[PDB]
There are 2 protein chains.
Amino acid sequence: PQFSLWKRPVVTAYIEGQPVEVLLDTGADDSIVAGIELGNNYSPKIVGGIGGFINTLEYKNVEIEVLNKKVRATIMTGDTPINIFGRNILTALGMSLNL
Amino acid sequence: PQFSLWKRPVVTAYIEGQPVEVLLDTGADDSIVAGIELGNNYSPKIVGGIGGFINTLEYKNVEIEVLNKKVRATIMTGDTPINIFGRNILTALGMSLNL
Ligand SMILES: CC[C@@H](c1cccc(NC(=O)CNC(=O)OC(C)(C)C)c1)c1c(O)c2ccccc2oc1=O
């Protein structure tokens, strides 16, 4: 889906089968989502946002399906205000930003 | 201009002739930058990001020159670790996400 940015780039994706609404964020290097139970193969990590740092759990090689393409990427679960799909997933989707 | 997202999309923006380095962010609605003087017709606002809330001064209708185009958009200034150009500027530039 070509994304005219007139409407916030929000989409529904499946993170290991569970559907979640995520924001396509070209400013974030990482992806972070609240509320899904991905498991016990984690590693506490810290992600620094624009307002401060939050503790998160890093999950490697997770199956993600968004915009009809399946990818495997690192997702971090934490107490985040909005769910964000960062550049690590956008690049795996082959997503670019055009002018 | 196309921007693969392999690297953070950081460009140099001239806001009222003052050069700043801004991160092109699709996820953000507003644009925030620090270290620039925009005058005295502002409105104090609060923006919520990952990690916390940010105090800002909002300036409407400012001349911005970035990616070879000139626009008039609202810019917020605040003590942010990273200058972000959000959707309000990206729509004005005519940018779109792709694939
Ligand atoms: C602009 C930052 C960015 C973000 C999101 C998710 C993870 C990370 N973290 C990274 O992947 C990059 N981290 C990084 O550059 O670290 C700092 C200390 C220099 C900021 C950053 C970011 C937003 O798009 C954003 C968009 C809408 C609302 C609040 C937001 O609130 C943010 O914070």
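Where a number appears in this text, it was derived from the coordinates with a stated rule and is not lab data. Neighbour counts are summed over all protein chains in view; Cβ atoms, including those assigned to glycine, are modelled from backbone coordinates with ideal geometry.
Using each residue's phi in the stretch A:76-86, evaluate 6.51 cos²θ - 1.76 cosθ + 1.60 at θ = phi - 60° and report the 3J(HN,Hα) Karplus result to the nearest Hz, with x for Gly and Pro.
My calculation for the stretch A:76-86 gives 10, 9, x, 8, 10, x, 10, 7, 10, 10, x Hz in order.
How high is the relative contact order of chain A, in percent, with contacts defined as C-alpha pairs under 8 Å that are six or more residues apart?
Numbers: 192 pairs, mean separation 32.4, N = 99.
It rounds to 33 percent for chain A.
Long-range amide H contacts for residue B:34: which residues qualify at under 5 Å (H placed 1.01 Å from N, peptide plane, sequence gap of 5 or more or a different chain)?
The answer is B:78, B:80.
Mind checking the stretch B:15-67 for GluC sites (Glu not before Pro) that DSSP puts in a loop (not H, G, I, E or B) and that have at most 15 other Cβ atoms within 10 Å? Intermediate results must be reported in sequence, preceding the final value.
On the way: sites: B:16, B:21, B:37, B:58, B:63, B:65; in loops: B:16, B:37.
Those that pass, being in a loop and sparsely packed, are B:16, B:37.
For the stretch B:11-19, in order, what is each residue's ³J(HN,Hα) by Karplus, 6.51 cos²θ - 1.76 cosθ + 1.60 with θ = phi - 60°, in whole Hz (x at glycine and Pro)?
10, 9, 10, 9, 9, 6, x, 9, x
Could you give log10 I(q)/I(0) at q = 0.11, 0.20, 0.24 Å⁻¹ for chain A, computed by the Debye formula over C-alpha point scatterers of equal weight, without solvent?
-0.30, -1.00, -1.43
Distances in nm, one decimal, shortest first, from residue A:39 to the same residue in every other copy, taking the label point 7 angstrom along Cα→Cβ.
For residue A:39, the inter-copy label distances come out at 5.6 nm.
How long are the semi-axes of the equivalent ellipsoid of the protein assembly as shown, taking √(5λ) for every eigenvalue λ of the Cα gyration tensor, in whole Å from largest down? If you can, show how the numbers build up before the last one.
Values: eigenvalues 181, 74, 32 Å².
Listed largest to smallest, the semi-axes of the protein assembly as shown are 30, 19, 13 Å.
Within 10 Å of each Cβ in peptide B:48-60, how many partner chain Cβ atoms are there on average? Round it to a whole number, please. Don't jump to the answer; show the numbers that get you there.
Working: counts 4, 6, 18, 10, 7, 3, 3, 0, 0, 0, 0, 0, 0.
Mean shielding by partner chains, rounded to a whole number: 4.
Taking a label point 7 Å from Cα toward Cβ, how far is residue A:79 from its twins in the other copies, in nm, shortest first?
So the label point of residue A:79 gives 2.3 nm to the other copies.
Within 10 Å of each Cβ in peptide A:87-95, how many partner chain Cβ atoms are there on average? Round it to a whole number, please.
Working: counts 6, 1, 1, 6, 4, 1, 4, 4, 6.
Rounded to a whole number, the mean comes out at 4.
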